[PDB]
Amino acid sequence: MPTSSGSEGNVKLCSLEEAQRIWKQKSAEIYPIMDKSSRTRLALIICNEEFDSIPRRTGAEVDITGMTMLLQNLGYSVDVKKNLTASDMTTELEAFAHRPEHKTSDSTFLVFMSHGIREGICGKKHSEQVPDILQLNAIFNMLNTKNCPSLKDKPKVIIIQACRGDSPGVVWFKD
């Protein structure tokens, strides 16, 4: 009987046969996984809940809990940062790209949860008159090979929970 008491929690395990089948069905087209005993996997969550001017993101704590635990289940050490300006986010991202553990890691997860407009992710000090935005382009530049050589050739997964404008995203059609 599988058990969520283990370190992987509610995440379904990959059997030794499954791992061997995947390593055969797909050739040398899989990202190399580092030795479990010695790998220092890192993940970062930047979540903004309290904002100066824009409404409070009620429920964000449930998102932090779930994402933090999931990345841990997957093997990542999770750094949780809260209520940051676009400037703080940049500083924190820079700090993340400078972590020595990336040298002895095989992958990384970046998670941004905040309000958002068309142009990017909202800092805590965001308003219409004085925008506080982090561009998706900026995240990429900071984690790329120039600014983060430690993560060269390694999957970098970026996850964003945010609006991207005011529209409901739907059109009507008749059957």
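Note that the rigid core is defined as the largest set of C-alphas that superpose within 1.5 Å between two forms. One rule holds for the numbers: they count along the sequence shown, beginning at 1.
Asks: Which is farther from the shown form in 6 other deposited structures of this protein in C-alpha RMS with the core fitted, 27-35 or 141-149?
Replies: It is 27-35 that deviates more in 6 other deposited structures of this protein.
Asks: Identify the stretch, either 54-62 or 134-142, whose C-alpha atoms have the larger mean B-factor according to the entry.
Replies: Looking at the record's C-alpha B-factors, the answer is 54-62.
Asks: Mean CA B-factor: is it higher for 64-72 or for 31-39?
Replies: On average, C-alpha B-factors are higher across 31-39.
Asks: Which of these has the highest Cα B-factor in the record: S114, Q129, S150, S107?
Replies: Answer for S114, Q129, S150, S107: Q129, with the highest C-alpha B-factor.
Asks: Please say which third, lowest, middle or highest, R21 falls into when its CA temperature factor is compared across its chain.
Replies: It belongs to the highest third of the chain when residues are ordered by C-alpha B-factor.
Asks: Quick check for you: using the entry's CA B-factors within this chain, is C14 in the lowest, middle or highest third?
Replies: Top third by C-alpha B-factor.
Asks: Mind checking which third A86 falls in for C-alpha B-factor across the chain?
Replies: Ranked within chain, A86 CA B lands in the middle tercile.
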